[PDB]
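In structure tokens, the next block holds one chain alone, the form deposited in one PDB entry.
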């Protein structure tokens, strides 16, 4: 049906039902988060606050996942065991990481109920990303005492970051248990993040998939790829801004410097991906808490294996946390080559031309000659175009399916990115 007949029913078929479902899904999680935020302001003993958030986490998990929340609860218990047995050693990170690895593998063998296991990962993952975190923050000395059972449980089951919420370090949660005054910036941040989450949801559901035929007079295999990539990006940004809102509602996600308290828990920066500078900025700004967790607790450890062999292990860990699907695993493996080759090639180009063409906008104290020349703008724009093209290629797998689906979807595109990356690596090794 034509554009007019589409827009005549757009609002009644897309704008109201999508937002209705988006609000019906979270009207209870937001209520529980607000109840926790208000309850943690009565000057209660800390153990009672941790017990309250444990109860809230149980109730929230039960409300989302009917009774399969055991596959999370169990994990939590298991984690604490591996934290209490090796509490004295300096291997806490390694033991907790091996436990998480064994648990996720034993889960991905598709023995236990998979219809609901494959939809709890978004929560289960977080728990893992928390436990391992502590296991290393105690080793390097960034956390003093091994927490008591109630503190650890109230950390894993933090009602703000249990369902969608991002990973937050143990100290960034302890400083939330103390609680901060209900300022106006707090409500402002919560409302802004909720509005942006709803906007990204309604913009991903059916303004994305119907982008180029109707919203554009253009219309193929590349246009569908780009619209699928945009739909996927915004379907993520929904969860991102919603997690940011639920974590700023429960009290967490705030920095303080020179008695200045600011709520700036950023999870996803959409303007660094839709108008990208480089694929490194796309990856590290697709999910900021996870992009910091992986760089700090996986890459920095496996760095002994060599730079590339550590980047690849980091992407393997990221493809294991998200849940192993062949399209997602292929994307998160190709991203390793793409990002590494682009980074090192831009590095060589900047060292040769003495220009500011690094994969990140340099600091003001760089030793480059061409800081703002038109050639620098042209190179940055060409690499941004390559980044948009890599995104439109990779995100084509997430339309709305094992090796056959991926091979077919990438054969319709004639393997454009996997040849552009090879060409860029050849170009890098030739001008070496």
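Residue numbers count along the first chain shown, from 1. Rigid core here is just the name for the largest C-alpha set that superposes within 1.5 Å across the two forms.
Although not depicted, the form solved in complex with a partner chain is the subject of the following passage.
Remark: of stretches 70-78, 244-252, 345-353, 156-164, the one touching its partner chain in the deposited complex is 156-164 (heavy atom within 4.5 Å).
Proximity to its partner chain in the deposited complex, taken as a non-hydrogen atom within 4.5 angstroms, holds for one residue of 311, 283, 123, 331, which is 123. Of the residues given (225, 201, 190, 317), 201 alone sits with a heavy atom within 4.5 Å of its partner chain in the deposited complex. Contact between residue 413 and its partner chain in the deposited complex is not found at the 4.5 Å heavy atom cutoff. At a distance threshold of 4.5 angstroms between non-hydrogen atoms, residue 359 is out of contact with its partner chain in the deposited complex. The closest non-hydrogen atom of residue 335 lies beyond 4.5 Å of its partner chain in the deposited complex. Taking the partner from the other structure, its partner chain in the deposited complex has a heavy atom within 4.5 Å of a heavy atom of residue 210. Following superposition on the rigid core between this form and the one not shown, the residue from 89, 145, 114, 188 with a C-alpha displacement of 2 angstroms or more is 114, and no other.
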